[PDB]
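One structure is given below, encoded as structure tokens.
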Amino acid sequence: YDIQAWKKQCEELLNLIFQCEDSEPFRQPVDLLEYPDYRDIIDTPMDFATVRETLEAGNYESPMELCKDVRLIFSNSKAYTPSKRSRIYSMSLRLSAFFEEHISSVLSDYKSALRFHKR
Ligand SMILES: O=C1Cc2ccc(Br)cc2N1
């Protein structure tokens with residue numbers, strides 16, 4: 001029932017994500033001058049280095065907040081891809097599935113730890 005365990009679990013999951021070839025387009029912020037369609041359609045840019053930096057700064061209070069930012073990477077990618085005919089689309093779908101598969105136990109364990117704390 002460790003309330004703090006999620007943080008190292010998220011650090012390790014981000015390490016797996018960065019090693020995966022599918023994360024390459026999502027590792028760093030998009031240059032808004034080079035990709036103006038992203039600039040116009042994306043209200044809140046997000047990328048995995050910003051997620052990792054936020055986590056390391058101690059600026060996430062829960063893994064649910066980290067999960068919201070990672071999900072934003074994928075929803076921004078979906079808004080950017082008008083069809084299935086681009087590698088960004090293919091990579092985003094697979095990386096999202098991998099992330100969701102691995103974050104589920106992190107969220108379950110954290111929510112269980114909070115319920116135990118408040119029991
Ligand atoms: O390097 C790039 C250019 C680019 C455009 C749009 C999206 Br979503 C991700 C990325 N990554």
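Each chain in the structure tokens gets a letter, A, B, ..., in the order shown, and its residues are numbered from 1; ligands are numbered from 1 in order too.
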Give me, as CSV, the closest atom pair and its distance (Å, one decimal) for every residue of chain A within a cut-off of 12 Å of ligand 1, counting only C-alpha atoms and all ligand atoms, rows sorted by chain and rising number.
residue,atom,partner,partner_atom_place_in_ligand_line,distance
A:22,CA,ligand 1,11 (N),11.1
A:23,CA,ligand 1,11 (N),9.4
A:24,CA,ligand 1,11 (N),7.5
A:25,CA,ligand 1,11 (N),3.8
A:26,CA,ligand 1,11 (N),5.6
A:27,CA,ligand 1,11 (N),7.9
A:28,CA,ligand 1,11 (N),7.6
A:29,CA,ligand 1,11 (N),7.6
A:30,CA,ligand 1,3 (C),5.6
A:31,CA,ligand 1,3 (C),7.3
A:32,CA,ligand 1,5 (C),8.8
A:33,CA,ligand 1,3 (C),10.7
A:34,CA,ligand 1,3 (C),8.0
A:35,CA,ligand 1,5 (C),6.0
A:36,CA,ligand 1,5 (C),8.9
A:37,CA,ligand 1,6 (C),8.1
A:38,CA,ligand 1,6 (C),5.9
A:39,CA,ligand 1,6 (C),9.2
A:40,CA,ligand 1,6 (C),11.4
A:41,CA,ligand 1,8 (Br),10.3
A:42,CA,ligand 1,8 (Br),8.8
A:44,CA,ligand 1,8 (Br),11.5
A:45,CA,ligand 1,8 (Br),8.8
A:46,CA,ligand 1,8 (Br),9.0
A:47,CA,ligand 1,9 (C),8.6
A:48,CA,ligand 1,9 (C),11.2
A:72,CA,ligand 1,8 (Br),10.2
A:73,CA,ligand 1,8 (Br),7.4
A:74,CA,ligand 1,8 (Br),7.8
A:75,CA,ligand 1,8 (Br),8.7
A:76,CA,ligand 1,8 (Br),5.8
A:77,CA,ligand 1,8 (Br),3.9
A:78,CA,ligand 1,8 (Br),7.4
A:79,CA,ligand 1,8 (Br),7.9
A:80,CA,ligand 1,8 (Br),5.5
A:81,CA,ligand 1,8 (Br),7.5
A:82,CA,ligand 1,8 (Br),11.1
A:86,CA,ligand 1,6 (C),10.6
A:87,CA,ligand 1,9 (C),10.1
A:88,CA,ligand 1,9 (C),6.8
A:89,CA,ligand 1,8 (Br),8.6
A:90,CA,ligand 1,8 (Br),11.6
A:91,CA,ligand 1,9 (C),10.4
A:92,CA,ligand 1,8 (Br),8.6
A:93,CA,ligand 1,8 (Br),11.9
Problem - Exercise: region 113-116 of chain A partners within 7 Å, only C-alpha atoms, chain neighbours under 5 positions left out, as a ChimeraX atom specification - result: /A:1-3
Handout entry: Pick from A:15, A:51, A:83, A:95, whichever lies nearest to residue 63 (chain A) using only C-alpha atoms
Key = A:51
Problem - Contacts of residue 105 (chain A) at 12 Å (only C-alpha atoms; same-chain gap of 4+ positions) as a list in words - result: residues 5, 6, 9, 10, 13, 63, 64, 99, 100, 101, 109, 110, 111, 112 and 113 of chain A
Problem - Sel. of alpha helix (DSSP H) residues, chain A, as an MDAnalysis selection string - result: chainID A and resid 6:19 36:41 48:56 63:80 87:118
Practice task
Compile the contact shell of residue 54 (chain A) as a VMD selection string: residues with an atom at most 12 Å away, counting only C-alpha atoms, same-chain residues fewer than 2 positions apart removed.
Solution key: chain A and resid 7 10 to 11 46 to 52 56 to 63 65 to 66 69 to 70
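One distance worth recording is that between CA of residue 16 (chain A) and CA of residue 43 (chain A), which is 27.4 Å.
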